[PDB]
Amino acid sequence: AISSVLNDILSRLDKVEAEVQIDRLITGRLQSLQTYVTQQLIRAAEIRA
Amino acid sequence: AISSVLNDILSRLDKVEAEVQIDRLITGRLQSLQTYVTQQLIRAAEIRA
Amino acid sequence: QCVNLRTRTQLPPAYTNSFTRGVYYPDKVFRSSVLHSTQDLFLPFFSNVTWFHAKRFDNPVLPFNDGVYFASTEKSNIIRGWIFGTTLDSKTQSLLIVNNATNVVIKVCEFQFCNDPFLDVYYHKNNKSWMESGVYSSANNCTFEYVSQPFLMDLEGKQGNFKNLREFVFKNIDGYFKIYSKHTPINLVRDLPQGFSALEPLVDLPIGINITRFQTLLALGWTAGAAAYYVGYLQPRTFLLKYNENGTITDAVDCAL
Amino acid sequence: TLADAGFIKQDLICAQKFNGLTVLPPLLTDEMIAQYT
Amino acid sequence: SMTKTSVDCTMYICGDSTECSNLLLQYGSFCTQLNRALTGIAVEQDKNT
Amino acid sequence: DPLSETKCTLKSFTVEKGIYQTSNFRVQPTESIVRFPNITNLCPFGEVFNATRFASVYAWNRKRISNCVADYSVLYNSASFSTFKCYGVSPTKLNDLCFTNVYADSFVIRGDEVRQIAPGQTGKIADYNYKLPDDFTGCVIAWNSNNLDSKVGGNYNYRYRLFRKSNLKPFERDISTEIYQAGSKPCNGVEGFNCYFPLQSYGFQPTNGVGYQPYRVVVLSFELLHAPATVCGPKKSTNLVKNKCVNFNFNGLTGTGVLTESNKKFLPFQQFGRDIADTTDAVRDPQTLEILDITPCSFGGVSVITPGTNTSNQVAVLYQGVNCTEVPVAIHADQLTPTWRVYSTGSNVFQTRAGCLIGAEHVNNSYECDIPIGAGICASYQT
Amino acid sequence: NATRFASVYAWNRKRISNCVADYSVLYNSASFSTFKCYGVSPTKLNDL
Ligand SMILES: *[C@@H]1O[C@H](CO)[C@@H](O[C@@H]2O[C@H](CO)[C@@H](O[C@H]3O[C@H](CO)[C@@H](O)[C@H](O)[C@@H]3O)[C@H](O)[C@H]2NC(C)=O)[C@H](O)[C@H]1NC(C)=O
Ligand SMILES: *[C@@H]1O[C@H](CO)[C@@H](O[C@@H]2O[C@H](CO)[C@@H](O[C@H]3O[C@H](CO)[C@@H](O)[C@H](O)[C@@H]3O)[C@H](O)[C@H]2NC(C)=O)[C@H](O)[C@H]1NC(C)=O
Ligand SMILES: *[C@@H]1O[C@H](CO)[C@@H](O[C@@H]2O[C@H](CO)[C@@H](O[C@H]3O[C@H](CO)[C@@H](O)[C@H](O)[C@@H]3O)[C@H](O)[C@H]2NC(C)=O)[C@H](O)[C@H]1NC(C)=O
Ligand SMILES: *[C@@H]1O[C@H](CO)[C@@H](O[C@@H]2O[C@H](CO)[C@@H](O[C@H]3O[C@H](CO)[C@@H](O)[C@H](O)[C@@H]3O)[C@H](O)[C@H]2NC(C)=O)[C@H](O)[C@H]1NC(C)=O
Ligand SMILES: *[C@@H]1O[C@H](CO)[C@@H](O[C@@H]2O[C@H](CO)[C@@H](O[C@H]3O[C@H](CO)[C@@H](O)[C@H](O)[C@@H]3O)[C@H](O)[C@H]2NC(C)=O)[C@H](O)[C@H]1NC(C)=O
Ligand SMILES: *[C@@H]1O[C@H](CO)[C@@H](O[C@@H]2O[C@H](CO)[C@@H](O)[C@H](O)[C@H]2NC(C)=O)[C@H](O)[C@H]1NC(C)=O
Ligand SMILES: *[C@@H]1O[C@H](CO)[C@@H](O)[C@H](O)[C@H]1NC(C)=O
Ligand SMILES: *[C@@H]1O[C@H](CO)[C@@H](O)[C@H](O)[C@H]1NC(C)=O
Ligand SMILES: *[C@@H]1O[C@H](CO)[C@@H](O)[C@H](O)[C@H]1NC(C)=O
Ligand SMILES: *[C@@H]1O[C@H](CO)[C@@H](O)[C@H](O)[C@H]1NC(C)=O
Ligand SMILES: *[C@@H]1O[C@H](CO)[C@@H](O)[C@H](O)[C@H]1NC(C)=O
């Protein structure tokens with residue numbers, strides 16, 4: 001995306017351009033949570049043992 | 001991407017078109033490592049047990 | 001008007017290991033109690049700066065690429081300013097950064113320079129203290145100009161008995177040119193100090209030119225003051241910077257050293 | 001040397017919480033684990 | 001045990017934007033599925049203790 | 001009510017005994033702050049766009065717009081701009097926004113070269129005499145000027161660099177007149193076969209076709225990383241509140257949170273402070289030179305505590321991580337993410353270790369756990 | 001730049017082979033009102 005800050009994307013671009021940048025932040029962030037929760041589920045199984 | 005070979009993309013396209021193809025290779029490859037490391041963390045827990 | 005004084009030929013220049021000098025705040029962002037990485041052009045740690053000392057006088061022409069660190073351990077203000085350009089002979093533009101007893105003047109008109117140019121204290125001339133034109137001949141095609149007042153000033157320090165270290169960085173990127181600086185009172189006779197300090201930004205302007213060379217400017221069959229100055233060349237590096245609780249860079253790591 | 005016990009917010013911990021990352025209390029406080037022990 | 005953590009998947013991904021939150025909804029139940037997983041870990045820390 | 005929000009989180013008309021997560025609360029902004037530098041004088045857009053004559057592309061002009069109020073609607077509301085494309089902002093958003101500096105580049109070209117001028121393009125103009133950065137943010141503006149720049153004999157004062165050894169760096173200009181060896185032989189002097197002068201006239205005459213007619217071009221190369229800003233769109237600043245939550249906008253940094261007087265000593269060169277998250281956490285107000293801490297205003301998990309719906313429709317609500325000095329402070333005389341204020345009844349508020357519990361009686365008698373609340377507390381349904 | 005060209009019903013095909021191209025000698029011309037390339041950059045054709 002043209003910036004990592006969600007408010008800047010929304011300040012600089014109108015809706016149909018902003019949606020293309022915001023979707024890159026959403027896609028990358030969502031993969032970042034899915035990674036964290038996977039690591040934490042695998043740690044939870046070790047602590048569980 | 002128009003080819004699976006990173007050097008071909010860089011040989012055939014100039015920077016602003018190449019970035020759109022290279023990002024598809026990066027995104028797919030990165031998901032391929034995140035898959036491998038997840039499988040290996042789950043195997044590592046089996047071998048640990 | 002060239003007061004041509006080629007008394008001394010090119011001398012094999014002295015060298016000095018720059019321990020931890022050449023670090024500056026990378027952007028106008030406050031940060032505090034954090035270790036932050038920054039890919040930017042910096043002076044590599046423990047690197048050979050060239051060293052100079054103004055019968056003893058010193059003002060060579062130097063190459064410029066990627067950017068420069070400049071510093072001086074000095075008393076009474078002999079070091080007055082800088083030249084930058086690509087051809088230096090009016091086949092291309094070139095720029096002047098002059099400082100005096102207060103003001104700073106900036107100009108990028110297509111100057112022709114003498115082979116041995118510098119600016120003296122013009123005690124007599126047509127009158128006292130004339131405008132600092134005499135480095136160049138012609139100025140008919142001027143694409144930018146600037147001026148400021150409170151640029152650098154001396155320290156009181158019980159009449160300033162110690163040599164006060166003056167540190168500067170000069171840099172260009174994609175048509176912009178930028179300046180950073182710091183001062184410190186120090187008690188070393190003949191070498192650059194062990195210890196640490198960040199440089200704050202002072203000035204920026206959009207010259208829009210190629211640069212390949214630079215030179216220093218000094219005041220005054222004559223007598224003048226003696227002082228050292230040092231030159232280092234910046235390189236693309238990554239530094240990890242420790243901002244203290246007050247948000248000053250207190251320490252750094254040059255992660256290619 | 002613990003970090004973020006989630007006992008009432010009113011720094012690394014403050015940065016984390018302000019991005020929607022909350023830390024929950026354990027059911028059994030350190031007095032109750034000491035009593036069982 | 002380990003530290004119980006939960007995440008607001010909307011405040012993490014879209015923090016305080018409505019026009020980002022309407023794009024996040026196009027990804028379906030993924031945010032709820034992450035919240036569930038983190039709750040399952042968090043309850044297990046009391047089960048373990 | 002809170003029970004209904006559990007039913008739609010579980011997607012069931014009945015709920016088993018337990019504690020359940022529900023949509024987070026987050027206190028809404030009371031009102032909007034806006035702040036910009038208290039400058040007043042309008043920027044010189046007339047002579048930037050409608051001066052008598054403009055530079056040739058070899059020596060393309062640059063003027064620095066600074067220390068003034070723009071109005072890019074007064075531009076974009078004109079019919080006169082045949083092209084007005086912005087490449088890192090919407091042309092409509094330019095009014096809601098402020099910039100470190102603006103450089104207005106001005107020059108003239110044949111009407112077919114307007115395509116070459118867009119960022120990251122390539123072609124003889126774009127390669128040898130005027131190149132935008134590939135990462136450029138700014139606007140490109142162009143219009144036909146055959147009815148202004150096309151004297152009948154030919155406007156041969158307008159000219160382009162035909163040849164250059166290598167493609168120039170972004171935003172370079174070149175005024176040199178060096179002769180070009182298009183052949184292998186090392187030519188010198190002034191002229192010869194494959195030994196060309198570098199600068200050639202446009203053939204601008206008023207009978208020329210569309211695409212061969214003269215076009216005036218302006219490029220607004222504005223820069224908006226958050227250094228202290230000097231050119232803003234026209235918006236009225238307003239009085240600055242503290243300790244209340246607000247929407248804020250400082251110099252185009254739109255956000256939401258509570259402002260506070262800060263002991264964080266920014267040095268005079270700085271204006272914004274950033275958190276580990278790359279989000280701003282302090283700002284220097286552009287009208288009073290003072291540093292404000294920004295905290296995003298109170299939010300937390302909302303968990304609902306219930307016996308079975310097959311036992312009661314009473315529930316209690318846990319505001320996770322909240323000093324409920326803010327729960328009664330929330331009061332739905334204004335908006336919140338949750339609509340159910342019904343629980344803010346009072347005379348039951350219990351400030352627990354892991355947040356605050358509304359709608360459950362605190363008893364000094366102790367029992368075996370039933371529904372866990374955290375930090376040693378449990379809840380249960382009894383007489 | 002031949003004297004005449006085929007109609008679209010029987011559109012012509014010529015095989016370029018066994019020779020050195022120079023697509024800059026083409027793309028450095030002003031004469032091509034359209035010159036769009038769909039699987040390579042028109043600038044990269046020389047390195048290829
Ligand atoms: C340090 O060097 C400066 C030039 O490099 C010099 O600035 C020059 O100062 C004189 C006197 O103030 C100015 O003269 C003009 O002053 C006003 C300007 O509005 C006019 O009314 C006068 O008629 C006269 O033209 C010069 O113009 C000025 N030059 C620049 C570029 O600003 C400083 O005075 C020097 N300072 C010391 C202490 O030596
Ligand atoms: C940089 O300075 C140069 C010297 O003043 C200047 O070049 C000069 O440009 C003018 C036109 O603006 C020429 O003047 C002559 O123009 C035509 C040429 O056929 C004659 O019919 C006129 O009578 C008039 O004499 C100069 O001859 C020319 N001089 C040189 C040495 O080339 C540049 O234009 C300046 N550059 C910029 C960007 O300002
Ligand atoms: C962050 O910056 C603060 C401002 O410079 C600095 O506070 C200063 O700390 C020094 C050292 O303690 C004080 O020096 C004086 O201390 C006492 C009086 O409190 C005197 O007996 C001493 O003789 C000496 O004069 C400064 O007075 C104090 N300044 C202020 C305005 O309070 C912090 O210490 C800095 N912290 C860090 C970690 O950098
Ligand atoms: C380019 O040159 C133009 C000629 O001066 C100039 O545009 C002119 O601006 C004025 C003020 O905006 C217009 O006056 C009319 O403005 C509105 C139109 O709805 C009315 O409310 C007013 O009563 C008045 O009728 C002129 O009409 C306008 N000229 C044209 C041909 O549109 C521009 O300012 C110049 N360019 C720049 C960037 O300044
Ligand atoms: C900025 O100014 C520089 C100094 O005038 C200029 O550098 C020169 O660039 C050209 C092209 O790269 C070089 O030309 C020579 O190239 C090779 C040797 O590297 C030879 O085989 C060729 O025959 C030709 O002579 C120059 O050697 C080089 N000069 C120096 C001192 O490095 C740059 O071109 C300018 N920057 C831009 C963006 O143009
Ligand atoms: C909840 O917040 C309030 C402040 O809004 C806290 O009240 C302060 O408590 C300290 C310690 O007992 C007293 O010295 C202050 O005088 C109190 N101030 C006020 C305005 O009442 C309260 O302690 C907080 N409670 C928790 C558990 O966080
Ligand atoms: C610096 O210069 C000294 C000689 O004065 C030399 O011994 C040393 O190896 C040099 N180091 C580098 C990295 O240039
Ligand atoms: C200095 O001399 C010039 C003539 O060269 C004269 O115009 C000016 O007034 C003099 N100034 C002073 C202060 O003597
Ligand atoms: C504008 O702000 C300054 C401080 O930067 C303040 O002193 C001044 O009073 C303000 N302008 C007006 C017209 O009041
Ligand atoms: C629901 O309540 C009824 C009595 O009203 C009772 O017969 C039944 O066993 C209960 N079922 C559950 C699962 O609680
Ligand atoms: C709990 O007991 C203490 C005395 O031990 C008393 O002060 C407090 O008010 C009691 N709370 C309730 C809710 O009865």
# chains A, B, ... in the order shown; residues from 1 in each chain; ligands from 1

call {"tool": "calpha_fit_and_write", "arguments": {"fixed": "chain A", "moving": "chain B", "output": "compact mmCIF listing (two decimals) with N, CA, C and O atoms, in the first residue's frame"}}
result
# COMPACT_ATOMS: atom_id res chain seq x y z
N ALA B 1 0.82 -1.20 -0.01
CA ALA B 1 0.00 0.00 -0.01
C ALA B 1 0.86 1.27 -0.01
O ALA B 1 1.99 1.26 0.47
N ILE B 2 0.34 2.39 -0.49
CA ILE B 2 1.11 3.65 -0.51
C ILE B 2 1.45 4.21 0.88
O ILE B 2 2.33 5.06 0.99
N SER B 3 0.81 3.74 1.95
CA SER B 3 1.22 3.98 3.33
C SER B 3 0.74 2.86 4.24
O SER B 3 -0.31 2.29 4.01
N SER B 4 1.48 2.59 5.31
CA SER B 4 1.12 1.66 6.38
C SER B 4 0.10 2.22 7.36
O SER B 4 -0.38 1.49 8.22
N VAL B 5 -0.25 3.51 7.27
CA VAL B 5 -1.16 4.16 8.21
C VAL B 5 -2.54 4.29 7.59
O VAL B 5 -2.73 5.03 6.62
N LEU B 6 -3.54 3.63 8.17
CA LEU B 6 -4.86 3.52 7.56
C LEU B 6 -5.53 4.87 7.34
O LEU B 6 -6.16 5.10 6.31
N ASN B 7 -5.38 5.80 8.28
CA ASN B 7 -5.96 7.14 8.18
C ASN B 7 -5.36 7.95 7.04
O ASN B 7 -6.06 8.75 6.44
N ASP B 8 -4.08 7.77 6.71
CA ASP B 8 -3.44 8.49 5.61
C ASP B 8 -4.04 8.06 4.29
O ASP B 8 -4.44 8.89 3.48
N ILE B 9 -4.22 6.75 4.08
CA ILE B 9 -4.86 6.22 2.88
C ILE B 9 -6.24 6.83 2.69
O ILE B 9 -6.59 7.26 1.60
N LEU B 10 -7.02 6.91 3.77
CA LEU B 10 -8.36 7.47 3.76
C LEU B 10 -8.38 8.99 3.63
O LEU B 10 -9.32 9.54 3.07
N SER B 11 -7.34 9.68 4.10
CA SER B 11 -7.18 11.12 3.94
C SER B 11 -6.79 11.50 2.52
O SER B 11 -7.27 12.50 2.02
N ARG B 12 -5.93 10.72 1.87
CA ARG B 12 -5.38 11.07 0.56
C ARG B 12 -6.20 10.60 -0.61
O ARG B 12 -6.18 11.26 -1.64
N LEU B 13 -6.91 9.48 -0.51
CA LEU B 13 -7.62 8.88 -1.64
C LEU B 13 -9.13 8.87 -1.42
O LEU B 13 -9.62 8.73 -0.30
N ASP B 14 -9.86 9.00 -2.52
CA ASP B 14 -11.31 8.81 -2.56
C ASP B 14 -11.66 7.32 -2.65
O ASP B 14 -10.78 6.46 -2.83
N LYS B 15 -12.93 6.98 -2.49
CA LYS B 15 -13.33 5.61 -2.13
C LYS B 15 -12.80 4.53 -3.06
O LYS B 15 -12.22 3.56 -2.58
N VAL B 16 -12.93 4.65 -4.38
CA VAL B 16 -12.57 3.55 -5.29
C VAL B 16 -11.06 3.31 -5.41
O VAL B 16 -10.64 2.19 -5.70
N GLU B 17 -10.22 4.31 -5.16
CA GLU B 17 -8.77 4.12 -5.07
C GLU B 17 -8.37 3.64 -3.68
O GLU B 17 -7.58 2.70 -3.55
N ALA B 18 -8.95 4.23 -2.64
CA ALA B 18 -8.70 3.85 -1.26
C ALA B 18 -8.98 2.37 -1.03
O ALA B 18 -8.14 1.70 -0.44
N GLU B 19 -10.08 1.81 -1.54
CA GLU B 19 -10.39 0.39 -1.40
C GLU B 19 -9.26 -0.53 -1.88
O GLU B 19 -9.05 -1.59 -1.30
N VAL B 20 -8.52 -0.15 -2.92
CA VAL B 20 -7.43 -0.98 -3.46
C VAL B 20 -6.21 -0.97 -2.55
O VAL B 20 -5.56 -1.99 -2.38
N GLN B 21 -5.93 0.16 -1.90
CA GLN B 21 -4.85 0.27 -0.92
C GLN B 21 -5.22 -0.36 0.42
O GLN B 21 -4.42 -1.08 1.00
N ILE B 22 -6.43 -0.11 0.91
CA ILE B 22 -6.91 -0.63 2.19
C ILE B 22 -6.98 -2.16 2.14
O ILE B 22 -6.59 -2.81 3.10
N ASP B 23 -7.38 -2.75 1.02
CA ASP B 23 -7.39 -4.21 0.86
C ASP B 23 -6.00 -4.85 0.99
O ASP B 23 -5.88 -5.97 1.49
N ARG B 24 -4.92 -4.14 0.62
CA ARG B 24 -3.55 -4.64 0.82
C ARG B 24 -3.15 -4.63 2.29
O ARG B 24 -2.57 -5.60 2.76
N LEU B 25 -3.52 -3.58 3.03
CA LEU B 25 -3.35 -3.54 4.48
C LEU B 25 -4.18 -4.62 5.17
O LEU B 25 -3.64 -5.33 6.00
N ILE B 26 -5.45 -4.79 4.81
CA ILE B 26 -6.30 -5.85 5.38
C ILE B 26 -5.69 -7.21 5.12
O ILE B 26 -5.53 -7.99 6.05
N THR B 27 -5.30 -7.51 3.88
CA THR B 27 -4.78 -8.83 3.52
C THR B 27 -3.51 -9.15 4.28
O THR B 27 -3.38 -10.24 4.84
N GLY B 28 -2.58 -8.19 4.38
CA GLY B 28 -1.33 -8.38 5.11
C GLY B 28 -1.52 -8.49 6.62
O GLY B 28 -0.92 -9.34 7.27
N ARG B 29 -2.40 -7.66 7.17
CA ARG B 29 -2.68 -7.70 8.60
C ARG B 29 -3.35 -9.02 9.01
O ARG B 29 -2.95 -9.64 9.99
N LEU B 30 -4.35 -9.43 8.24
CA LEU B 30 -5.07 -10.66 8.50
C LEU B 30 -4.13 -11.87 8.50
O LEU B 30 -4.20 -12.70 9.39
N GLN B 31 -3.18 -11.93 7.56
CA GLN B 31 -2.12 -12.94 7.55
C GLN B 31 -1.20 -12.84 8.78
O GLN B 31 -0.69 -13.84 9.28
N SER B 32 -1.01 -11.63 9.31
CA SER B 32 -0.23 -11.39 10.52
C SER B 32 -0.93 -11.91 11.77
O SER B 32 -0.29 -12.57 12.58
N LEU B 33 -2.25 -11.73 11.91
CA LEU B 33 -3.02 -12.38 12.97
C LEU B 33 -3.09 -13.90 12.79
O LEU B 33 -2.89 -14.61 13.77
N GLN B 34 -3.35 -14.41 11.59
CA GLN B 34 -3.40 -15.86 11.38
C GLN B 34 -2.07 -16.53 11.73
O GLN B 34 -2.06 -17.62 12.30
N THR B 35 -0.95 -15.86 11.46
CA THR B 35 0.37 -16.29 11.91
C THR B 35 0.46 -16.26 13.43
O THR B 35 0.73 -17.30 14.01
N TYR B 36 0.16 -15.14 14.09
CA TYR B 36 0.23 -15.05 15.55
C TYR B 36 -0.61 -16.13 16.25
O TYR B 36 -0.11 -16.83 17.12
N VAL B 37 -1.86 -16.30 15.84
CA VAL B 37 -2.76 -17.29 16.44
C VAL B 37 -2.29 -18.71 16.19
O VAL B 37 -2.39 -19.54 17.08
N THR B 38 -1.70 -19.00 15.03
CA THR B 38 -1.09 -20.30 14.77
C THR B 38 0.11 -20.54 15.68
O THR B 38 0.15 -21.58 16.35
N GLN B 39 1.05 -19.60 15.79
CA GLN B 39 2.16 -19.71 16.73
C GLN B 39 1.65 -19.91 18.16
O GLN B 39 2.14 -20.79 18.87
N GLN B 40 0.65 -19.15 18.59
CA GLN B 40 0.11 -19.26 19.94
C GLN B 40 -0.62 -20.58 20.18
O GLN B 40 -0.51 -21.10 21.28
N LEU B 41 -1.32 -21.15 19.20
CA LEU B 41 -1.92 -22.48 19.32
C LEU B 41 -0.87 -23.57 19.47
O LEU B 41 -1.07 -24.53 20.22
N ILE B 42 0.26 -23.45 18.78
CA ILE B 42 1.38 -24.40 18.85
C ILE B 42 2.14 -24.25 20.18
O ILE B 42 2.50 -25.26 20.79
N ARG B 43 2.32 -23.03 20.69
CA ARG B 43 2.83 -22.80 22.06
C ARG B 43 1.86 -23.28 23.13
O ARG B 43 2.30 -23.90 24.09
N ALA B 44 0.56 -23.07 22.96
CA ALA B 44 -0.44 -23.57 23.88
C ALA B 44 -0.40 -25.09 24.00
O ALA B 44 -0.55 -25.61 25.10
N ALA B 45 -0.13 -25.82 22.92
CA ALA B 45 0.05 -27.27 22.97
C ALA B 45 1.33 -27.70 23.72
O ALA B 45 1.33 -28.72 24.40
N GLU B 46 2.37 -26.86 23.68
CA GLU B 46 3.60 -27.15 24.40
C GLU B 46 3.35 -26.96 25.90
O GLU B 46 3.68 -27.83 26.71
N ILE B 47 2.78 -25.82 26.26
CA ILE B 47 2.45 -25.49 27.64
C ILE B 47 1.47 -26.50 28.22
O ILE B 47 1.62 -26.89 29.37
N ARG B 48 0.56 -27.01 27.38
CA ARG B 48 -0.38 -28.03 27.82
C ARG B 48 0.42 -29.28 28.21
O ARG B 48 0.25 -29.81 29.31
N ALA B 49 1.27 -29.76 27.30
CA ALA B 49 2.10 -30.93 27.56
C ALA B 49 2.93 -30.77 28.84
O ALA B 49 3.02 -31.71 29.63

call {"tool": "residues_around", "arguments": {"residues": "segment 32-35 of chain D", "least_positions_apart": "4", "cutoff": "9 Å", "atoms": "only C-alpha atoms", "output": "VMD selection string"}}
result
(chain D and resid 28) or (chain E and resid 49) or (chain F and resid 376)

call {"tool": "atom_distance", "arguments": {"atom1": "atom CA of residue 220 of chain F", "atom2": "atom CA of residue 104 of chain F"}}
result
4.7 Å

call {"tool": "residues_near_ligand", "arguments": {"ligand": "ligand 4", "cutoff": "6 Å", "atoms": "only C-alpha atoms and all ligand atoms", "output": "number ranges by chain"}}
result
F: 45-46, 49-50

call {"tool": "residues_around", "arguments": {"residues": "residue 89 of chain C", "least_positions_apart": "5", "cutoff": "9 Å", "atoms": "only C-alpha atoms", "output": "MDAnalysis selection string"}}
result
chainID C and resid 94 110:114

call {"tool": "atom_distance", "arguments": {"atom1": "atom CA of residue 134 of chain C", "atom2": "atom CA of residue 107 of chain C"}}
result
13.7 Å

call {"tool": "closest_atom_pairs", "arguments": {"of": "chain F", "to": "ligand 3", "cutoff": "12 Å", "atoms": "only C-alpha atoms and all ligand atoms", "output": "Markdown table"}}
result
| residue | atom | partner | partner_atom_place_in_ligand_line | distance |
| --- | --- | --- | --- | --- |
| F:263 | CA | ligand 3 | 2 (O) | 10.2 |
| F:264 | CA | ligand 3 | 1 (C) | 9.5 |
| F:265 | CA | ligand 3 | 2 (O) | 8.1 |
| F:266 | CA | ligand 3 | 2 (O) | 11.0 |
| F:267 | CA | ligand 3 | 2 (O) | 11.3 |

call {"tool": "interface_residues", "arguments": {"of": "chain F", "to": "chain C", "cutoff": "9 Å", "atoms": "only C-alpha atoms", "output": "PDB file with C-alpha atoms, in the first residue's frame"}}
result
ATOM      1  CA  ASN F  61      10.917  25.948 -14.782  1.00  0.00           C
ATOM      2  CA  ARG F  62      10.410  25.303 -11.020  1.00  0.00           C
ATOM      3  CA  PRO F 133      10.266   9.877  -9.849  1.00  0.00           C
ATOM      4  CA  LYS F 169      18.023  11.315 -12.889  1.00  0.00           C
ATOM      5  CA  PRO F 170      14.481  12.269 -11.624  1.00  0.00           C
ATOM      6  CA  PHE F 171      13.911  16.067 -11.478  1.00  0.00           C
ATOM      7  CA  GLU F 172      17.234  17.002 -13.173  1.00  0.00           C
ATOM      8  CA  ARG F 173      17.361  19.956 -15.653  1.00  0.00           C
ATOM      9  CA  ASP F 174      20.113  20.463 -18.292  1.00  0.00           C
ATOM     10  CA  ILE F 175      21.174  23.791 -19.890  1.00  0.00           C
ATOM     11  CA  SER F 176      24.439  22.529 -21.503  1.00  0.00           C
ATOM     12  CA  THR F 177      24.771  22.862 -25.352  1.00  0.00           C
ATOM     13  CA  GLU F 178      27.397  20.124 -25.977  1.00  0.00           C
ATOM     14  CA  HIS F 226       5.026  14.712   8.228  1.00  0.00           C
ATOM     15  CA  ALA F 227       7.675  17.455   8.424  1.00  0.00           C
ATOM     16  CA  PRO F 228       6.199  20.844   9.649  1.00  0.00           C
ATOM     17  CA  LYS F 264       7.581  14.904  26.161  1.00  0.00           C
ATOM     18  CA  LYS F 265      10.113  17.623  25.166  1.00  0.00           C
ATOM     19  CA  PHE F 266      10.185  17.656  21.360  1.00  0.00           C
ATOM     20  CA  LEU F 267      13.235  19.579  20.117  1.00  0.00           C
ATOM     21  CA  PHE F 269      12.894  20.692  14.537  1.00  0.00           C
ATOM     22  CA  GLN F 270      10.207  18.005  15.281  1.00  0.00           C
ATOM     23  CA  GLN F 271       6.371  18.157  15.009  1.00  0.00           C
ATOM     24  CA  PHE F 272       4.937  14.557  15.299  1.00  0.00           C
ATOM     25  CA  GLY F 273       5.906  11.658  17.631  1.00  0.00           C
ATOM     26  CA  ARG F 274       5.408   7.997  16.717  1.00  0.00           C
ATOM     27  CA  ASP F 275       4.667   4.817  18.675  1.00  0.00           C
ATOM     28  CA  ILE F 276       6.228   1.315  18.144  1.00  0.00           C
ATOM     29  CA  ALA F 282       2.176  13.043  20.245  1.00  0.00           C
TER      30      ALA F 282
END

call {"tool": "closest_residue", "arguments": {"among": "F:119, F:359, F:211, F:252", "to": "chain A", "atoms": "only C-alpha atoms"}}
result
F:252

call {"tool": "residues_near_ligand", "arguments": {"ligand": "ligand 10", "cutoff": "10 Å", "atoms": "only C-alpha atoms and all ligand atoms", "output": "count of residues only"}}
result
8

call {"tool": "residues_around", "arguments": {"residues": "segment 219-228 of chain C", "least_positions_apart": "4", "cutoff": "10 Å", "atoms": "only C-alpha atoms", "output": "PyMOL selection string"}}
result
chain C and resi 5+51-58+71-81+100+118-122+163+165+190-192

call {"tool": "interface_residues", "arguments": {"of": "chain F", "to": "chain A", "cutoff": "9 Å", "atoms": "only C-alpha atoms", "output": "list in words"}}
result
residues 88, 89, 90, 91, 92, 93, 94, 96, 97, 252, 253, 254, 255, 278 and 279 of chain F

call {"tool": "select_by_dssp", "arguments": {"residues": "segment 156-226 of chain C", "states": "strand (DSSP E)", "output": "PyMOL selection string"}}
result
chain C and resi 164-173+176-185+200-205+213-218
